[PDB]
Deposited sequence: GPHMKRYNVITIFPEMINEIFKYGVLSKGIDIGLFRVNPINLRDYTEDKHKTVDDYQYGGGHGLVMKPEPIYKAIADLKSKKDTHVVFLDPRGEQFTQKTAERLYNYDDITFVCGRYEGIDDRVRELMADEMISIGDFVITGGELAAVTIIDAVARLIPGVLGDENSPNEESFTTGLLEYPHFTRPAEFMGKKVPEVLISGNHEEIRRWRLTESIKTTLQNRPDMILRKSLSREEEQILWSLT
């Protein structure tokens, strides 16, 4: 089935503008997935059409009200089943494994907070899970939503050109360096093996550089990786 990603946000047009750029917009154009911005302001009923108000506990910090977010999610669910993700720093830290897990859903609803956060009762009532884009804080869930959609949708066969099979994190490693023309640029030659080597020599050089980069930059990934005999010998030879 076509993968669908609903984004509940006070800035739906931001979501539409973002997805008219790049390889992903072509996948939308041909129907491999679809992004569905939902205007949270459409689910207000008060005279001031209110989606945020002063929180409880003191001060004037703003928190997203529960009723509009509840109504927006219930509206989606009334038409078609969906998997509800609240974007929240308290959630699961988003990694390539998360993206592979979310890939299995055909219909995901992302709820975007603003200001101090989202009233936690509607999260308790409606969320299937919480996901954090990383160990940092941004002003809204919008950027976290589109980033996740990007990471998940690009795994749909046919979205990228004929590869996401050997890239960083997918392999449990950081990828080798890449180069293109010209062969010489400001005194730096492209490694000769990539110009004139055979397949196995290029594979060996890339695997070596990949392990090197991972050991130097992300030793924690090395510890988590189940190494092939060949990868382990290379790792030993750099230590």
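S.K.: Which ranges of the deposited chain go unmodelled, in order along the sequence?
M.R.: Since the structure holds only modelled residues, the stretches it omits are 1 to 2, 165 to 166.
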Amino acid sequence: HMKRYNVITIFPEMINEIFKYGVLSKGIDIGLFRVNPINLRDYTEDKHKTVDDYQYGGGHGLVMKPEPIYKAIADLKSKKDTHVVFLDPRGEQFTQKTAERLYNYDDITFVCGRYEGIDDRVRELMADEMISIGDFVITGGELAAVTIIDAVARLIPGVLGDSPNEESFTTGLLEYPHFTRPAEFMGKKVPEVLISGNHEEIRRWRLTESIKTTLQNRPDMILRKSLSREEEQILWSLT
From here on, numbers count along this sequence of modelled residues.
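S.K.: As stated in the PDB record, which stretch has the larger average Cα B-factor, 65 to 73 or 49 to 57?
M.R.: Taking the mean C-alpha B-factor of 65 to 73 and of 49 to 57, the larger value falls to 49 to 57.
S.K.: Per the record, averaged over C-alpha atoms, which has the higher B-factor: 80 to 88 or 153 to 161?
M.R.: The stretch with the larger average C-alpha B-factor is 153 to 161.
S.K.: For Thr9, return the chain-relative third of its C-alpha B-factor as stated in the PDB record: lowest, middle or highest.
M.R.: Ranked within chain, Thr9 CA B lands in the lowest tercile.
S.K.: Sorting the chain's CA B-factors, does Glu142 end up in the lowest, middle or highest third?
M.R.: Its C-alpha B-factor, which the entry lists for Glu142, ranks in the middle third among residues of this chain.
S.K.: Grab the CA temperature factor for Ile18 from the record and place it in the lowest, middle or highest third of its chain.
M.R.: Ranked within chain, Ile18 CA B lands in the lowest tercile.
S.K.: Would you mind ranking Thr171 by its C-alpha B-factor against the rest of the chain and naming the third, lowest, middle or highest?
M.R.: Ranked within chain, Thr171 CA B lands in the highest tercile.
S.K.: For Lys189, return the chain-relative third of its C-alpha B-factor as stated in the PDB record: lowest, middle or highest.
M.R.: For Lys189, the deposited C-alpha B-factor lands in the middle third.
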